[PDB]
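In my numbering, the protein residues as written are 1 to 59.
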């Protein structure tokens, strides 16, 4: 699916992804279903926190 950054996030270990409020993060990982997920932004993929991605558009 698609998501949006509610707050700012700066990566610590491995390959995490940084983001800021108002930003649009893409959800395209697998079926882990947990706290770490894989996203895509500006043609780049990575891992982000599920609680750090909100929802927008649609409605």
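Yeah, the Cβ is synthetic: ideal placement off N, Cα and C, and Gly gets one too.
Name the residue from the options whose alpha carbon lies nearest to the alpha carbon of residue i.
| i | options | result |
| --- | --- | --- |
| residue 30 | 7, 18, 46 | 46 |
Compute the Euclidean distance between the alpha carbons of residue i and residue j, then round it to the nearest angstrom.
| i | j | result |
| --- | --- | --- |
| residue 58 | residue 22 | 16 angstroms |
| residue 66 | residue 41 | This structure cannot speak to residue 66, because the chain is shown only from 1 to 59. |
| residue 43 | residue 25 | 11 angstroms |
| residue 56 | residue 5 | 10 angstroms |
| residue 36 | residue 52 | 10 angstroms |
| residue 20 | residue 32 | 24 angstroms |
Given that a residue counts as buried once 16 or more other Cβ atoms are within 10 Å of its Cβ, and exposed if not, what is residue i?
| i | result |
| --- | --- |
| residue 13 | exposed |
| residue 28 | exposed |
Please name the residue or residues paired with residue i in a DSSP beta bridge.
| i | result |
| --- | --- |
| residue 22 | Note: residue 22 sits in no beta bridge, so no partner. |
| residue 13 | In DSSP, residue 13 forms no bridge with anything. |
| residue 44 | 41 |
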